């Protein structure tokens, strides 16, 4: 027995001129799914009929065993190719599976019969579980098709009803060839359930299975030995393996030459045969016969139903998951005229649904309820990338007047690439602490504004507000839907604990007023229990721990460790985050160049008002911007705070004294002239008078008025001015028997109040301090008309806190200001230790409102 060509057994004279029309002709009931595989001893061809026993013979399913060198690989090629040359893709589809990296089905791709070639599963082991659901889904799909089409019971009933005289789609029988199923089950033994289900359903569903392995052990065929009708035994490894698949050890004794084997079915005798080949040439009195055949058959017939889809390797882009994007008129670069534009929906990635034999785009409904977005994942998992997609995705479906973004980049500084977007208004890095506080303060203010205004106007919900601005006839707040983005929440609740509770309350009531938070961190446990529950839309990636997950502990573990972008959809499915690109390139190494081009496209397509910036404390605040005397009253504005950028006042009718510390050239003398000038504009010389102690002579600009009483530039002139004002205020001291009314009205004395303005107190606080005698009057300064306004340098200020004058001023809780300095001096006033501050800036300390960062005003001349 030499070796014969398959073209010979199929009665084909000319292989180089195949006609698919005369190959896929309607075959008789017996010849259906019946092809020759080789010749027997006598010389008669041996046919394999994989039809059910009730229709033909050798049952629906079968098994093939053959050790290395038995031609197991070549046999499987011959069987498939023969079936392909005898049937149309209309009536037959293949699922070719090899557990190990075998090139058995290499070249089968061209055939329209082949739905999927699943090779090499020993490596990416979880693919087995996917392949389970992909096939399990096919079983259910075929069944529901038979339940729906009519109420048929089997494919055969369906098929010829269809071909009898009916209108139905062709439903081809499915042939599944799984190689090395033995070492597959020894890897994932739970997979055997699929096999059993096939043996239970496959006959009616038209699904035929062929289990092939290099070597077998008897345990593997548990609950399968019955369903496997025909058995092809090539040269086995042991005598027992030959037995468990045939009943006799005859396969062990087969010649080492490949091609020889036996064929057992039911109770009918073995038939030794010799398989034909397809991997050779043909002669006459290079290239294989396989290639020649496939080359001609490829491209003919209906393309098969996809059972297996590309298993989540290369990430998609935003243009890939969205309709064609075009520069619209007064709508920017967006999906012009799309139904889902400006619906607060955003596409993020691609979800894998293998059971449903499809892959869905992942969409988020930030239109309320789930408007808050949370992201978690271990180091280098793909967070910072995820955020950039979500922002860009929203940026593509919305105009900068509809959405705004304010970011706190605490995870890599990658967000700075989107800073030129018209949708963003601020991108604060970890080094810009001033902008970080303001970014949160700005949104906090907007929330409070919308909290009141929405009730004042006829606005019942944020949906209405969005609908009002949509008319293009309403301005509102100047904002739309605002998104506060934090890259690393952990970093935030460490360096800025105060902002944790701040942003938390933003989330607790912001969704109803169009304020969204988009927070990201490493672990869900890094989010406090109070705020973690507020994140409606959670986007979970690969975690450092599969537990602590917010979807499924189990599933979380199956998420690829070192494959960035992979995650777990809320429904419990694997997905892959898209890339923030609209170019089309899906390569992560050229991401930087990609993002920059996307932002460039969106910005240049938008020719309107951009996102409102985060306003901050001015480097220089003009005193003219402060409320006038006719506005404030007797109160004197000195600057604005960081909290709400609102004026900060000093009311000398409530607290009589004021004290300010600060290093050299910080703004002491300027603040002193500012406060003084405020007194001039609000008091008449018969209401309040001034006395200056200015050794450095910095206060000449404000000592020219009629209020001026005494000006001292020397220690002698200073202490001289103390003697006469001491005895003066001593005269105003309350008589013992005064009624409470007389006390609070200050009736027993008349005249003006005295404002003692002292600049450079460190230079006047020598061994013999001129201000010392007045120390005993400072507590009684309220019952009289005394006021102390003192400025002192930073050096040795901490130890000066114990001086009689200052120690009593601080004791009676006088308003104070701590400007630029160092921490060596310790806490001077309030609860904040001094540090390097820009000119004019300081920490305003008041008994009420406590400590507050403010910016003092600059007064020229």
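Positions refer to the first chain, counted from 1.
The deposited sequence places 10 or more unmodelled residues between residue 285 and residue 286. Averaged over CA atoms, B-factors in the entry run higher in 322-330 than in the other of 322-330 and 387-395. According to the PDB record, 348-356 carries the higher mean C-alpha B-factor of the two stretches 348-356 and 456-464.
Between the residues 642, 655, 164, 694, it is 164 that shows the highest Cα B-factor in the PDB record. Considering 437, 208, 450, 723 together, the PDB entry gives 723 the largest C-alpha B factor. Per-chain ranking of the deposited C-alpha B factor places residue 295 in the highest third. Among all modelled residues in this chain, the alpha-carbon of residue 87 has a temperature factor (C-alpha) in the middle third. Residue 17: CA B factor in the highest third of modelled residues in this chain (values from the PDB entry). The deposited CA B-factor of residue 33 belongs to the lowest third of values across its chain.
Sorting the modelled residues of the chain by their CA temperature factor places residue 814 in the lowest third.
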